[PDB]
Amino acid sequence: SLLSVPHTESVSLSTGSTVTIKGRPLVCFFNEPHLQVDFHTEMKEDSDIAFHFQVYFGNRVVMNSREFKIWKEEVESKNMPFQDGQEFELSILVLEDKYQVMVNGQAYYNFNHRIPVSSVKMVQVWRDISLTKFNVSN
């Protein structure tokens, strides 16, 4: 059963929380589908973003924050553990110092907190994926 995409949910996070996302790119990597995961400070979609995580499948990853409506310093990664045409499991671990993004059980990306974790109140998952699982740990 497919979940809504764009997927928008209320959340509350603290140290030790995990946000788990299972989905599949809509097209082959040759045509560069994207995935975007945004940790927002409010339910409103124009609210600030504590953690912006954008995958250009088969290419690269960009991470950033949007603070008082302004995008801040871009962080890039060339790590690309995602498999063309395959389902992926993203686990975003909320550590004391950073978000850590696991792909299929191993950490490949890290983003030190710029906005306090306790300011996060919504997560939106969108771009060119289908979604079968979105779980915030209890």
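Each residue number is its position in the shown sequence, starting from 1.
Could you check the entry and say whether 72-80 or 32-40 has the higher mean CA B-factor?
Mean C-alpha B-factor is greater for 72-80.
For the higher mean C-alpha B factor in the entry, choose 83-91 or 96-104.
In the deposited entry, the stretch with the higher C-alpha B-factor mean is 83-91.
Place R127 in the lowest, middle or highest third of its chain's C-alpha B-factors, as listed in the PDB entry.
Ranked within chain, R127 CA B lands in the lowest tercile.
Name the third of the chain's ranked CA B-factors that contains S12, choosing lowest, middle or highest.
Its C-alpha B-factor belongs to the lowest third of this chain's values.
Once the chain's modelled residues are ordered by C-alpha B factor and cut into thirds, is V62 in the lowest, middle or highest one?
Ranked within chain, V62 CA B lands in the middle tercile.
Lowest, middle or highest third: where is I115 by Cα B-factor in its chain?
For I115, the deposited C-alpha B-factor lands in the highest third.
Looking at the temperature factor on the CA atom of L26, which third of the chain's modelled residues does it land in?
Answer is middle: the recorded C-alpha B-factor places it there.
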